[PDB]
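Let me begin by presenting the structure, written as structure tokens, before commenting on it.
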Amino acid sequence: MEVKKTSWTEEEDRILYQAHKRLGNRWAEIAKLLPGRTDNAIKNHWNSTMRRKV
């Protein structure tokens, strides 16, 4: 079965956070550097992992 786990690499998350503040909330453009990862997946990851508690 294998439950849908957050199969994100530390590297991806690193670039994600770096880009988020450097480029901005330009998720559409950030995916240019992080292909495959869709906006919904990125944001889902961003809200669940990074902004787990604000």
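Going through the structure tokens in order, the chains are called A, B, and so on, while each chain numbers its residues from 1 and the ligands are numbered from 1 in the order shown.
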- Query: So which residues of chain A fall under helix (DSSP H, G or I) by DSSP, listed as a ChimeraX atom specification?
  - Reply: /A:10-22,27-33,39-48,50-52
For residue 25 in chain A, work out the shell of residues within 12 Å, counting only C-alpha atoms and skipping chain neighbours fewer than 6 positions away, then give it as a PDB file with N, CA and C atoms, in the first residue's frame.
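Final output, saved to out-v2.pdb:
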```pdb
ATOM      1  N   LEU A  16      13.543  25.399  -2.146  1.00  0.00           N
ATOM      2  CA  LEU A  16      12.192  25.922  -2.031  1.00  0.00           C
ATOM      3  C   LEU A  16      12.187  27.163  -1.136  1.00  0.00           C
ATOM      4  N   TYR A  17      12.734  27.034   0.077  1.00  0.00           N
ATOM      5  CA  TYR A  17      12.773  28.134   1.029  1.00  0.00           C
ATOM      6  C   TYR A  17      13.651  29.270   0.506  1.00  0.00           C
ATOM      7  N   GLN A  18      14.824  28.934  -0.039  1.00  0.00           N
ATOM      8  CA  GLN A  18      15.738  29.935  -0.572  1.00  0.00           C
ATOM      9  C   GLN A  18      15.023  30.773  -1.632  1.00  0.00           C
ATOM     10  N   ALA A  19      14.398  30.098  -2.599  1.00  0.00           N
ATOM     11  CA  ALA A  19      13.705  30.757  -3.690  1.00  0.00           C
ATOM     12  C   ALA A  19      12.507  31.552  -3.182  1.00  0.00           C
ATOM     13  N   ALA A  31       8.912  26.815  -9.825  1.00  0.00           N
ATOM     14  CA  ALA A  31       8.865  25.485 -10.425  1.00  0.00           C
ATOM     15  C   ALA A  31       9.813  25.406 -11.629  1.00  0.00           C
ATOM     16  N   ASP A  39       2.421  23.479  -8.450  1.00  0.00           N
ATOM     17  CA  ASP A  39       2.160  24.553  -7.499  1.00  0.00           C
ATOM     18  C   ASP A  39       1.414  24.012  -6.277  1.00  0.00           C
ATOM     19  N   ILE A  42       3.739  22.045  -4.176  1.00  0.00           N
ATOM     20  CA  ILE A  42       4.708  22.928  -3.547  1.00  0.00           C
ATOM     21  C   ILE A  42       4.083  23.622  -2.353  1.00  0.00           C
ATOM     22  N   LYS A  43       2.914  24.210  -2.553  1.00  0.00           N
ATOM     23  CA  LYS A  43       2.213  24.915  -1.501  1.00  0.00           C
ATOM     24  C   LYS A  43       1.777  23.949  -0.428  1.00  0.00           C
ATOM     25  N   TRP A  46       4.742  23.398   1.401  1.00  0.00           N
ATOM     26  CA  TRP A  46       5.143  24.616   2.080  1.00  0.00           C
ATOM     27  C   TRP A  46       4.314  24.834   3.344  1.00  0.00           C
TER      28      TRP A  46
END
```
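Take CA of residue 52 in chain A and CA of residue 11 in chain A: the distance between them is 18.4 Å.
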